[PDB]
Amino acid sequence: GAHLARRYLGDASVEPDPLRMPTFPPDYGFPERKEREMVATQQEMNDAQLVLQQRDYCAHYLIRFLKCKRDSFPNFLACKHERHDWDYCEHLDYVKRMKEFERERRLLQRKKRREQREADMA
Amino acid sequence: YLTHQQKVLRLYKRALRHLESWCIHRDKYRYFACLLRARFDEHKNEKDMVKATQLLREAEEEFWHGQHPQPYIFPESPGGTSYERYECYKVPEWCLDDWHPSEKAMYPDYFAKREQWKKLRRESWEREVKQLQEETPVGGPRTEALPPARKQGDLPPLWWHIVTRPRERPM
Amino acid sequence: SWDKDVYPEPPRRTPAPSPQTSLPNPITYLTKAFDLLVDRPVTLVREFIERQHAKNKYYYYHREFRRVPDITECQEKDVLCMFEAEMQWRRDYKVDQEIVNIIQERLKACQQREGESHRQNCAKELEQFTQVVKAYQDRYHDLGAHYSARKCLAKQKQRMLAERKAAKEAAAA
Amino acid sequence: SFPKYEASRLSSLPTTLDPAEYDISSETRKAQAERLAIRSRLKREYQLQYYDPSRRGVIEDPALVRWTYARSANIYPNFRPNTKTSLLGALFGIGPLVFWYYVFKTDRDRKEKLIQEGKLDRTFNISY
Amino acid sequence: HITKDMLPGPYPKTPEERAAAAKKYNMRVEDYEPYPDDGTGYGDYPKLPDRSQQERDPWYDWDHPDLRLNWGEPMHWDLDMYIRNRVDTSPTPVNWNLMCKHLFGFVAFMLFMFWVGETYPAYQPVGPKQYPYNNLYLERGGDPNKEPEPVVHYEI
Amino acid sequence: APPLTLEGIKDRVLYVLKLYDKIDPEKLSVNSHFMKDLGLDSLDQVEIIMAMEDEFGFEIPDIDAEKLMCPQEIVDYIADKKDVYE
Amino acid sequence: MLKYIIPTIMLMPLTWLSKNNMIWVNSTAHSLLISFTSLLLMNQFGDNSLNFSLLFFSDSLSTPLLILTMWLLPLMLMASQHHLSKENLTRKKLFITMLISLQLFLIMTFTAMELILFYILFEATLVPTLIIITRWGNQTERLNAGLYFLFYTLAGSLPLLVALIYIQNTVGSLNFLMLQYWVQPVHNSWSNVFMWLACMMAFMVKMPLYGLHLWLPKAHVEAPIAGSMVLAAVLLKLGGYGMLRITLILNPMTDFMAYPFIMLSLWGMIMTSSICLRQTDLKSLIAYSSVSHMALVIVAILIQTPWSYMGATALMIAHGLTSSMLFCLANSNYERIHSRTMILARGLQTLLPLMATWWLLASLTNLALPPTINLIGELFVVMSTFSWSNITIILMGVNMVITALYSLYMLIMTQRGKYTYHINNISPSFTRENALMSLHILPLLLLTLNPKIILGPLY
Amino acid sequence: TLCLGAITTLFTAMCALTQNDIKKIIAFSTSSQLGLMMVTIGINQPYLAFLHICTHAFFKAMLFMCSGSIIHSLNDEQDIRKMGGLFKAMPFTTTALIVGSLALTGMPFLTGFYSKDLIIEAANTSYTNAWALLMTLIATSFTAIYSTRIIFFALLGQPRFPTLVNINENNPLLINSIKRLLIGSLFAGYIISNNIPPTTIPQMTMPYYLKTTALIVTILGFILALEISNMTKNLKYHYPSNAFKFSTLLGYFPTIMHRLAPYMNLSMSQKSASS
Amino acid sequence: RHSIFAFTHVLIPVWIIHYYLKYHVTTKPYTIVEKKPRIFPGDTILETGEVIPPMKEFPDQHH
Ligand SMILES: CCCCCCCCCCCCCCCCCC(=O)OC[C@H](COP(=O)(O)OCCN)OC(=O)CCCCCCCCCCCCCCCCC
Ligand SMILES: CCCCCCCCCCCCCCCCCC(=O)OC[C@H](COP(=O)(O)OCCN)OC(=O)CCCCCCCCCCCCCCCCC
Ligand SMILES: C[C@H](CCC(=O)O)[C@H]1CC[C@H]2[C@@H]3[C@H](O)C[C@@H]4C[C@H](O)CC[C@]4(C)[C@H]3C[C@H](O)[C@]12C
Ligand SMILES: *C(=O)CCCCCCCCCCCCC
């Protein structure tokens with residue numbers, strides 16, 4: 001949507017590059033940033049035979065859902081609460097990716113605002 | 001060769017059919033069919049045949065401009081969806097001559113009737129040929145029209161393949 | 001049947017059933033119907049047949065081929081020695097084709113067995129397949145439809161010369 | 001004043017749009033009558049055989065025989081080597097052969113050069 | 001039966017040969033026109049209008065209804081190309097050149113716009129998708145003996 | 001697609017003509033020439049044939065249509081194409 | 001091979017000493033018995049060929065060609081006995097004798113150990129073939145067809161004779177087993193260029209190679225039906241068999257001497273396939289179809305890979321049964337309407353239902369429907385040619401599109417549409433005709449179950 | 001594959017807008033749906049492409065059978081201009097035809113919704129060719145237009161078929177075959193959607209306008225189609241444009257290619273290769 | 001009628017197929033290859049009796 005107009009019909013220097021973001025260090029302005037926690041171990045995801053694109057930071061909810069689905073057969077309308085937890089975990093993961101884009105954009109704006117201010121000095 | 005009158009009437013039928021393809025709805029088509037007829041009636045009496053020809057040529061140009069690109073076609077007419085659909089079922093009658101005797105024995109009445117027809121064809125043939133010889137000019141026939149039978153007990157020359165042709169829904 | 005070392009497979013790990021639903025499992029009841037109606041009468045007929053075979057037990061043997069001198073030891077144009085060496089080389093060539101087929105069959109059985117984890121869990125089978133195909137390609141690739149032991153030998157010596165030349169100029173450096 | 005019809009090889013002028021169709025002099029009428037006479041004479045010759053009750057076989061058609069003969073046996077006797085036939089034969093005959101020779105010879109020389117330098121990927125290539 | 005005088009011959013040079021050829025092909029001498037006497041081998045075969053059999057009257061009582069041919073009439077040199085299963089030459093409601101320009105223009109426009117759309121793709125305002133364990137180094141078939149470069153992801 | 005009969009064809013042919021405002025239903029018979037008896041012109045006859053094509057659902061070529069000058073000839077033409085013999 | 005040569009020879013006294021009305025029954029029955037015994041040639045080993053004696057041997061290449069050859073003789077007797085029914089007795093017996101003598105020369109040709117014995121029998125097949133074409137062909141053009149057939153073959157085969165004798169003087173032997181061990185590489189000189197051409201042109205003409213194929217549309221079209229069956233099914237394969245053998249002694253020169261003949265074949269197959277689309281004679285169309293298929297065999301033999309050699313062997317067998325079936329199908333219509341024009345008799349599916357099924361099956365094998373052995377052979381050649389040069393897939397792909405078009409065009413024109421009104425003598429198919437078609441197609445489809453027996457020595 | 005599918009879905013949907021043969025409309029609908037499946041391939045959603053194959057099978061097969069029922073009742077008439085007034089004359093074929101059309105256009109919770117709407121959402125939120133995305137959405141709107149075209153002319157209005165009425169859809173074979181596919185066209189998408197294991201991560205977070213794009217353009221399609229169809233009943237003449245003729249004649253591709261290519265190939269075969 | 005069909009077209013074919021698979025196909029290596037079953041935390045292996053450990057405690061997200 002709107003962000004595409006700004007990059008394509010406007011100043012592309014203050015807009016993130018989706019194929020090259022992030023371009024600033026993870027700690028630039030973030031004192032003491034915590035690493036993302038991973039609940040499911042590599043062996044658990046290997047044993048569960050998750051699709052590689054499903055082996056993300058929400059895999060533990062997916063595993064819990066898959067186990068319920070198997071154990072509730074033939075009742076395919078069960079595990080609806082397990083499914084939602086995984087859907088909600090993926091939603092929060094998507095919002096975190098939206099925040100990374102917004103953070104990248106504001107630093108690009110900040111970088112430029114410094115150049116012009118640091119150029120109006122000259 | 002088509003006379004001028006034939007050309008006009010063919011155009012009128014063609015124009016109406018394409019008009020119907022555009023209009024679709026019957027009440028709408030009735031309205032514009034009557035306007036189109038009024039156009040043809042406007043020049044019905046045009047004694048000048050040089051001017052009636054010019055009117056015809058312009059109407060055909062107007063038709064070509066206005067024709068429906070995908071007009072309605074009756075299903076079994078040339079170009080229709082069912083055109084020639086049943087030709088694969090049309091078998092000529094001469095094939096029955098090759099049936100095995102055990103196959104013919106299943107229809108003793110049909111084949112007895114068939115022998116009478118073949119006898120009728122055999123006995124008529126010489127007179128049909130003679131009638132065509134005597135009714136045809138020395139140069140040869142100048143049109144494709146065939147004559148009727150002039151006598152009693154005679155059959156119209158060259159009748160067999162018209163009369164005995166396959167039914168339109170043979171199977 | 002088959003040797004488990006030649007055609008290996010890991011131990012089977014089956015999860016135990018642990019239902020959380022009062023609904024009956026249709027597969028469980030279909031499985032018991034299958035055993036009673038299909039597997040059981042089929043097993044009885046087989047046992048009858050295997051009793052007949054046990055009354056008449058006879059044997060067949062895997063043919064052994066003694067080793068004969070190979071083409072490198074044959075003197076030129078000596079057809080009697082060349083003939084025995086060439087036939088041996090062709091028998092070995094057919095055997096090497098089957099070895100590659102065995103290694104390919106292991107690789108394909110691994111990919112199917114491991115499901116979505118095959119890219120990681122079949123690394124050993126992939127490595128063995130890579131090594132055998134390289135060795136097979138070295139022996140037999142590019143010989144042509146009229147291949148022979150002589151052409152195979154000519155190809156090996158061309159390769160040995162290249163490996164000997166690449167060494168004297170890799171030990172000079 | 002509608003836009004004019006522009007015919008092509010693969011889309012003919014409609015009969016109703018053809019100016020010749022509307023000026024029909026007596027000589028044109030006579031020509032049409034002569035054409036109908038020929039068609040009628042041929043139709044009668046065919047029908048007298050086609051309707052004959054005792055005939056069992058194929059009614060040989062000289063027009064069909066002439067057509068197959070003209071499309072095969074009659075061609076070489078009427079061939080003359082000249083500028084048109086010599087150039088077309090050279091262009092259609094030899095042209096494609098020379099072209100495909102240089103496509104494959106070039107491609108194979110490049111591929112051969114890469115293999116000798118170990119620069120062509122043949123990791124799993126053991127069937128040929 | 002067919003005699004040599006009833007078979008195609010060489011290009012007719014005189015008006016007396018042209019009349020003899022026209023009679024042979026069952027044509028009016030005025031309608032008979034051979035192909036040009038190049039070296040291509042048509043001889044005296046009539047050059048008939050290059051029209052598809054599809055263009056003939058479907059309501060006429062043809063001797064060969066499927067081919068829309070009469071017994072004895074001269075067959076077009078390319079008749080087997082103009083049968084109703086093959087090349088059609090019927091008039092079209094849209095002119096040939098106009099059809100070609102519109103078809104070409106539509107396709108060329110679409111190809112151009114696809115090239116534009118590839119240069120300016122649509123996407124959502126999200127950073128890259130993140131994966132644990134060094135971007136799944138081992139799952140993607142990474143060398144278990146070599147140590148990968150750490151890929152660390154942070155909260156936000 | 002139920003079968004046609006000679007009387008059925010005649011009934012429907014005359015039925016259509018009695019719905020045509022230019023024809024007097026009280027002076028219409030199977031042998032009424034469209035031009036000589038009913039006093040219609042050739043444009044009317046084209047419209048009459050078009051109605052018959054619509055009535056029975058198939059086309060009558062112009063070369064054959066122009067010769068159908070009375071109701072009985074229309075019946076015979078339809079009967080012949082549909083292989084109706086009773 | 002004497003267990004096949006002697007029984008074949010005995011077919012002659014059997015034919016001459018039989019009761020007048022049993023010449024076809026007797027020769028057909030005993031030729032089928034010989035064909036049955038030929039299955040004993042399938043004792044092939046993985047390493048060594050089956051070497052009977054100093055004169056004869058059989059390997060996986062010649063064995064399938066031998067079985068096809070002996071299978072074809074009874075089929076040809078069945079195909080011929082209708083149109084020879086009014087021939088007088090002595091001339092019938094001489095016709096059968098020519099067929100038997102051709103079989104005798106062929107089975108010895110395919111098993112000859114020595115290339116000069118192969119040569120003599122390879123030329124020997126000309127004589128009975130020429131007699132069959134010129135004596136029992138139907139049209140005036142058979143005389144011209146015989147001369148084109150004879151002098152195209154000899155123009156090539158006489159240089160081959162000089163080359164073979166030259167090789168024997170230089171190597172000391174033409175025995176094929178010896179040449180496998182004593183073969184020396186061919187140095188690249190002008191003199192060796194013409195040795196290569198001498199050793200190959202005779203086989204190229206018989207394939208035929210595009211450009212050198214003009215004899216085939218004459219000979220295959222003017223011959224009687226038995227002549228066409230053997231000409232297309234077996235005699236074209238003498239060229240392929242000869243090339244597959246003689247290329248052993250022509251390496252490495254074949255690497256570059258192949259280029260002009262590969263271009264002729266790859267482009268020629270597209271040319272001849274296109275010609276089929278506009279042929280007016282049904283027999284002529286089938287003849288041009290053979291040239292297109294044999295272009296693949298030429299290419300496969302010249303690139304000299306294990307896959308191309310398996311594909312070439314399969315195609316030769318597959319084409320043999322298919323092309324023979326198509327000629328027999330075309331002949332069955334000819335015996336009714338007495339014309340070879342394809343547009344003359346249409347809609348024959350309406351009049352001859354079962355025969356239209358044979359047409360369909362023959363057409364599907366011709367366009368190489370998988371898993372027929374026609375497709376297996378064509379596929380293996382396409383695979384090997386892709387490795388020779390990826391760009392070849394374009395020419396191979398175009399040819400497969402064109403082949404489908406003319407194969408089904410032949411089917412649609414003759415079998416579908418409306419029947420020709422005035423042709424009223426299309427009597428029902430005879431038991432003989434139906435058996436003749438099924439003895440082609442049934443073995444062809446059965447081989448799909450066990451393809452290895454027709455994949456040649458490289459399998 | 002993305003661009004190839006996008007042009008297919010748009011081009012064939014556009015052709016469908018002006019066709020009068022009922023089987024041609026459904027056939028062009030299939031081509032357009034196949035184009036959408038190819039788009040799903042191009043955005044790296046193979047399992048959604050497979051699901052659309054499964055759901056499309058139900059209601060597309062039913063639509064052809066419904067048209068076959070109509071064709072049979074009108075004595076082999078396939079032109080919709082000669083149909084009309086069948087809503088009450090053939091109640092069951094009418095019900096199946098409406099259910100089938102609503103399933104094809106992505107009415108919520110019918111079989112077509114469970115694949116087509118996930119596909120549009122995935123395309124809208126993907127890193128994708130911008131032009132391909134627009135072509136897909138427009139093709140989705142055209143789907144509503146030609147679906148309305150069949151219903152409006154086949155079922156509504158007044159009869160336009162011949163006078164001898166032999167409409168009969170009371171054969172049990174006809175009823176039960178359509179009935180089973182009708183049940184599939186309602187529930188199969190829901191049942192298959194709730195039973196298959198997840199193999200990707202479905203995208204469920206997007207702006208409101210990208211979540212309702214498929215439904216909104218479908219509604220706009222129905223509205224525009226209903227205005228065009230009512231216009232056909234106004235006693236006003238016709239002025240055919242270039243766009244109407246381009247659509248009716250299938251972009252002229254058959255008229256040019258099926259004449260030019262055979263002519264060039266068949267001429268060369270005889271003139272050059274043969275002679 | 002349906003029972004005669006079930007017997008001739010289901011039961012007998014499955015008997016022949018089951019005999020074919022059990023005693024000819026599965027007696028050869030790698031003819032039938034199953035994807036190995038998925039194992040989830042907390043499962044129990046029937047062959048061994050091993051108990052798979054549960055996943056660690058979830059940082060309970062709000063929902
Ligand atoms: C190495 C690779 C080989 C592969 C390439 C092979 C190329 C094809 C070779 C073709 C050979 C020539 C053509 C043979 C076809 C048959 C010839 C023919 O039928 O022509 C007919 C022609 C007309 O005359 P005629 O038949 O006598 O009239 C009726 C009375 N019988 O008859 C005549 O006018 C007389 C014909 C005489 C020619 C007979 C054939 C002899 C061929 C060898 C030529 C000898 C050359 C020696 C010259 C050395 C000195 C230069
Ligand atoms: C239509 C009539 C039908 C009858 C056809 C008869 C065909 C006969 C063909 C005879 C030609 C044989 C070749 C004689 C030339 C001498 C060959 C030679 O010794 O040259 C060697 C050289 C090899 O090149 P190179 O591969 O680079 O060397 C190895 C390093 N890689 O040479 C090379 O560069 C290899 C390439 C040689 C081939 C050239 C191909 C020319 C273009 C294709 C033409 C196709 C055939 C044209 C026929 C038209 C006839 C009118
Ligand atoms: C089951 C079905 C009944 C359908 C119905 O009545 O609605 C009936 C109809 C015709 C039957 C089949 C046909 O009669 C042909 C078969 C002949 C044998 O007698 C039994 C098996 C056999 C293969 C049939 C068994 C099956 O029960 C069929 C298929
Ligand atoms: C930002 O990523 C936006 C992505 C794509 C926007 C699609 C919105 C729909 C507008 C055009 C539809 C027209 C259909 C007739």
Side-chain angles (χ1 to χ4, degrees), chain G residues 31-32 35-36 38-39 41-42 61-79 99 102-103 106-107 110 207 220 225-241 283 286-287 289-294 296-297 310-332 355 357-381 403 407 410-411 433-456:
Chain G
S31 69
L32 278 163
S35 170
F36 181 55
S38 73
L39 300 181
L41 295 166
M42 306 235 69
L61 173 54
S62 59
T63 291
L65 292 162
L66 289 159
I67 292 162
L68 180 64
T69 298
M70 295 199 249
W71 182 241
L72 250 292
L73 176 57
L75 273 51
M76 288 186 294
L77 297 167
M78 297 174 218
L99 294 186
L102 184 49
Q103 161 154 313
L106 284 171
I107 62 172
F110 286 124
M207 294 300 305
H220 290 206
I225 181 52
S228 299
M229 288 166 69
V230 69
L231 274 163
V234 172
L235 288 171
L236 296 182
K237 316 306 160 56
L238 291 168
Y241 173 83
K283 236 189 146 182
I286 293 155
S289 175
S290 290
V291 178
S292 190
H293 291 297
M294 289 298 103
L296 272 183
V297 178
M310 287 178 277
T313 309
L315 279 175
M316 278 195 288
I317 302 301
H319 166 271
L321 291 163
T322 294
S323 71
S324 181
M325 193 181 180
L326 286 165
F327 277 120
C328 287
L329 282 163
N331 180 254
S332 70
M355 194 54 55
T357 297
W358 304 131
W359 276 101
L360 177 61
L361 295 175
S363 291
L364 295 180
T365 61
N366 191 70
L367 58 76
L369 186 76
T372 59
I373 60 156
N374 303 72
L375 181 274
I376 294 167
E378 180 185 77
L379 190 64
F380 287 12
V381 174
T403 297
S407 295
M410 166 169 57
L411 180 73
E433 293 170 324
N434 280 323
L436 178 58
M437 305 315 162
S438 57
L439 291 162
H440 284 92
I441 195 68
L442 287 185
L444 187 54
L445 302 183
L446 283 172
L447 289 166
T448 287
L449 300 181
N450 209 338
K452 66 189 176 239
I453 57 161
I454 54 82
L455 285 174

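Each chain gets a letter, A, B and so on, in the order the sequences are listed, and its residues count up from 1. Side chains included, hydrogens not; waters and symmetry mates left out as well; all remaining heavy atoms used.
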Is the backbone of [Y] close enough, under 3.5 Å, to the side chain of [X] for a donor and an acceptor to pair up by distance?
{"X": "G:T69", "Y": "G:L65", "answer": "yes"}
{"X": "G:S228", "Y": "G:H220", "answer": "yes"}
{"X": "G:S363", "Y": "G:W359", "answer": "yes"}
{"X": "G:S38", "Y": "G:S35", "answer": "yes"}
{"X": "G:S324", "Y": "G:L321", "answer": "no"}
{"X": "G:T372", "Y": "G:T365", "answer": "no"}

Can you tell if the side chain of G:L77 reaches within under 4.5 Å of the side chain of G:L99, non-hydrogen atoms only? yes
Within the structure provided, determine whether G:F110 and G:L238 are in side-chain contact (heavy-atom separation under 4.5 Å). yes
Quick one: do G:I286 and G:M410 satisfy side chain to side chain contact (heavy atoms under 4.5 Å, CB included)? Show the steps, please. CA-CA 9 Å; G:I286 293 155; G:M410 166 169 57; 4.1 Å; yes
To the nearest 0.5 angstrom, please state how far the [atom1] atom of [X] sits from the [atom2] atom of [Y].
{"X": "G:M316", "Y": "G:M294", "atom1": "CE", "atom2": "CE", "answer": "7.5 Å"}
{"X": "G:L442", "Y": "G:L447", "atom1": "CG", "atom2": "CG", "answer": "11.0 Å"}
{"X": "G:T313", "Y": "G:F380", "atom1": "OG1", "atom2": "CZ", "answer": "11.0 Å"}
{"X": "G:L326", "Y": "G:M437", "atom1": "CG", "atom2": "CE", "answer": "10.0 Å"}
{"X": "G:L75", "Y": "G:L32", "atom1": "CG", "atom2": "CG", "answer": "8.0 Å"}
{"X": "G:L68", "Y": "G:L73", "atom1": "CG", "atom2": "CG", "answer": "12.0 Å"}

Should G:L444 and G:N374 be marked as a side chain to side chain contact (heavy atoms under 4.5 Å, CB included) after you check the CA-CA gap, both sets of side-chain angles, and the distance that decides it? CA-CA 9 Å; G:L444 187 54; G:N374 303 72; 3.8 Å; yes
When the ring planes of G:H319 and G:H293 are compared, do they come out parallel, tilted or perpendicular, using 30° and 60° as the limits? tilted
Derivation of the side chain to side chain contact (heavy atoms under 4.5 Å, CB included) call for G:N434 and G:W358: CA-CA 8 Å; G:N434 280 323; G:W358 304 131; 3.0 Å; yes
Which pair of non-hydrogen atoms, one from G:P371 and one from G:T448, has the smallest distance, and what is that distance? O-OG1, 3.1 Å
Non-hydrogen atoms of G:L436 and G:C328 that approach each other most closely: CD2-SG, 3.9 Å
After noting the C-alpha distance and the side-chain angles of G:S31 and G:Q103, does the key distance pass the side chain to side chain contact (heavy atoms under 4.5 Å, CB included) rule? CA-CA 10 Å; G:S31 69; G:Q103 161 154 313; 5.8 Å; no
